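Quick notes on the structure that follows.
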Amino acid sequence: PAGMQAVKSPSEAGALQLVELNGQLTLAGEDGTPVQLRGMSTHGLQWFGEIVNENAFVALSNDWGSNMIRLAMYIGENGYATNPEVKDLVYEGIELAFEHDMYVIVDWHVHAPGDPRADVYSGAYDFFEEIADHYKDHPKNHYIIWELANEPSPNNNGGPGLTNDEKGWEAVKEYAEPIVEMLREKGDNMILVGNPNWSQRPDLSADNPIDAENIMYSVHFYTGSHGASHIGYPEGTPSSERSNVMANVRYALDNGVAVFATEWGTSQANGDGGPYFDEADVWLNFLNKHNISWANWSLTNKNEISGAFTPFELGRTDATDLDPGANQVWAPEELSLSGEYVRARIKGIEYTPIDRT
């Protein structure tokens with residue numbers, strides 16, 4: 001569609017880098033021109049790993065027009081720590097993304113607990129070392145983007161949580177710096193680093209950034225809970241006052257770091273409520289105007305509003321199969337309100353939703 005110039009495929013854009021455009025750092029391809037990635041995040045690979053299949057990745061790359069996909073590998077909550085097999089899906093997902101021309105975000109999905117240094121996350125360094133080692137030599141190694149800790153937060157389910165302040169950011173930085181260094185020894189691939197309060201604090205990262213190349217900081221928002229803002233923080237505003245997620249993004253960009261919206265939803269923070277579409281238009285027009293890449297949560301048929309596919313509803317609707325079949329397209333009524341909207345926004349087409357009767 002028109003205005004989609006920057007949403008380039010990896011075959012075209014090549015290795016990603018950060019360039020200074022108008023005093024701010026932005027994602028760019030090999031030739032230095034800005035590139036924006038738009039795509040979907042899987043739900044937990046231990047719960048909805050069925051989405052990693054040929055027809056689904058063809059549909060998402062071609063029919064939905066995604067130039068990226070995010071693979072959410074939970075470690076706690078019956079993920080990788082207790083069920084190592086889920087890593088097989090990370091490999092398969094990378095293979096399909098390579099084949100179907102999408103950048104792929106390998107996400108160590110820190111979530112419960114919220115401190116990435118917690119014991120259950122002990123395999124983080126070895127996990128990234130292993131995946132990086134396998135792909136170092138691959139001609140398509142530059143398609144991989146590493147996301148080291150999804151949502152640092154106060155969540156204390158299964159270990160310690162983190163505070164929403166400098167101490168919480170310093171904890172993430174302490175976790176991240178050895179892994180960043182090892183990953184830099186293996187390549188130049190972009191690393192996306194989460195930050196406090198469920199990655200709502202890229203501003204704390206801007207105040208104290210990781211000294212390394214090609215590091216971007218996450219922002220996560222749900223349009224039912226995180227209200228848009230047009231007034232940025234006054235110069236000199238201390239971190240204690242910075243609670244509006246949109247204004248925190250503007251702060252990060254104005255203060256020298258690059259941001260990547262690695263996860264957002266059309267519901268309230270939980271994954272339910274709404275959807276909140278007029279809000280989603282304001283947030284995505286903000287992201288798009290400022291060349292911030294985004295991954296929407298999520299590729300699931302679970303009955304929750306953020307889920308992209310129609311759920312089982314006893315009365316009348318069976319859950320959409322996460323494999324779309326040979327035609328490699330999911331029919332309109334097989335996408336939920338949220339999935340239908342997000343597909344239109346990834347594609348950059350007009351939002352013309354079907355009558356759901």
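Chain labels follow the order of the structure tokens: the first chain is A, the next B, and so on; residue numbering restarts at 1 in every chain, and ligands are counted from 1 in their shown order.
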Can you list, as a PDB file with C-alpha atoms, in the first residue's frame, every protein, DNA or RNA residue that comes within 12 Å of residue 184 in chain A when you count only C-alpha atoms, leaving out same-chain residues fewer than 3 positions away?
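Contents of out10.pdb, as written:
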```
ATOM      1  CA  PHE A 128      21.822 -17.108  23.567  1.00  0.00           C
ATOM      2  CA  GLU A 129      25.369 -18.481  23.178  1.00  0.00           C
ATOM      3  CA  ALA A 132      24.134 -17.440  18.182  1.00  0.00           C
ATOM      4  CA  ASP A 133      26.769 -20.142  17.729  1.00  0.00           C
ATOM      5  CA  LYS A 136      26.990 -17.237  13.163  1.00  0.00           C
ATOM      6  CA  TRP A 146      18.024 -10.962  20.057  1.00  0.00           C
ATOM      7  CA  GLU A 177      25.919  -6.663  29.861  1.00  0.00           C
ATOM      8  CA  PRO A 178      27.724 -10.098  29.954  1.00  0.00           C
ATOM      9  CA  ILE A 179      25.240 -11.545  27.437  1.00  0.00           C
ATOM     10  CA  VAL A 180      25.529  -8.427  25.182  1.00  0.00           C
ATOM     11  CA  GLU A 181      29.282  -8.816  25.201  1.00  0.00           C
ATOM     12  CA  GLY A 187      28.026 -10.895  15.523  1.00  0.00           C
ATOM     13  CA  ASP A 188      26.513  -7.482  15.006  1.00  0.00           C
ATOM     14  CA  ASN A 189      22.818  -8.474  15.269  1.00  0.00           C
ATOM     15  CA  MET A 190      20.502  -6.005  17.013  1.00  0.00           C
ATOM     16  CA  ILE A 191      19.872  -6.613  20.690  1.00  0.00           C
ATOM     17  CA  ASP A 211      27.801   0.952  26.151  1.00  0.00           C
ATOM     18  CA  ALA A 212      27.698  -1.196  23.058  1.00  0.00           C
ATOM     19  CA  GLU A 213      26.666  -0.914  19.449  1.00  0.00           C
ATOM     20  CA  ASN A 214      23.250  -1.810  18.066  1.00  0.00           C
ATOM     21  CA  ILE A 215      21.339  -1.932  21.310  1.00  0.00           C
TER      22      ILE A 215
END
```
Backbone-only DSSP, helix (DSSP H, G or I) members of range 10-239 of chain A, as an MDAnalysis selection string: chainID A and resid 10:13 45:51 54:63 86:99 119:121 124:135 141:143 166:186 196:199 202:207 239
Any chance you could tabulate, as JSON lines, the residues of range 14-131 of chain A at most 8 Å from range 151-161 of chain A with each one's nearest atom pair and distance in Å to one decimal, using only C-alpha atoms, in chain and rising number order?
```
{"residue": "A:76", "atom": "CA", "partner": "A:158", "partner_atom": "CA", "distance": 7.4}
{"residue": "A:109", "atom": "CA", "partner": "A:151", "partner_atom": "CA", "distance": 7.3}
{"residue": "A:110", "atom": "CA", "partner": "A:151", "partner_atom": "CA", "distance": 5.6}
{"residue": "A:111", "atom": "CA", "partner": "A:151", "partner_atom": "CA", "distance": 5.5}
{"residue": "A:112", "atom": "CA", "partner": "A:157", "partner_atom": "CA", "distance": 5.0}
{"residue": "A:113", "atom": "CA", "partner": "A:157", "partner_atom": "CA", "distance": 4.9}
{"residue": "A:114", "atom": "CA", "partner": "A:153", "partner_atom": "CA", "distance": 4.2}
{"residue": "A:115", "atom": "CA", "partner": "A:161", "partner_atom": "CA", "distance": 4.6}
{"residue": "A:116", "atom": "CA", "partner": "A:152", "partner_atom": "CA", "distance": 6.4}
{"residue": "A:118", "atom": "CA", "partner": "A:159", "partner_atom": "CA", "distance": 5.9}
{"residue": "A:119", "atom": "CA", "partner": "A:159", "partner_atom": "CA", "distance": 7.3}
{"residue": "A:120", "atom": "CA", "partner": "A:159", "partner_atom": "CA", "distance": 7.5}
```
Length of the CA of residue 315 in chain A to CA of residue 333 in chain A vector [Å]: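 Separation between CA of residue 315 in chain A and CA of residue 333 in chain A: 15.2 Å.
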Residues of range 32-75 of chain A in strand (DSSP E or B), written as a PyMOL selection string: chain A and resi 34+38-42+68-74
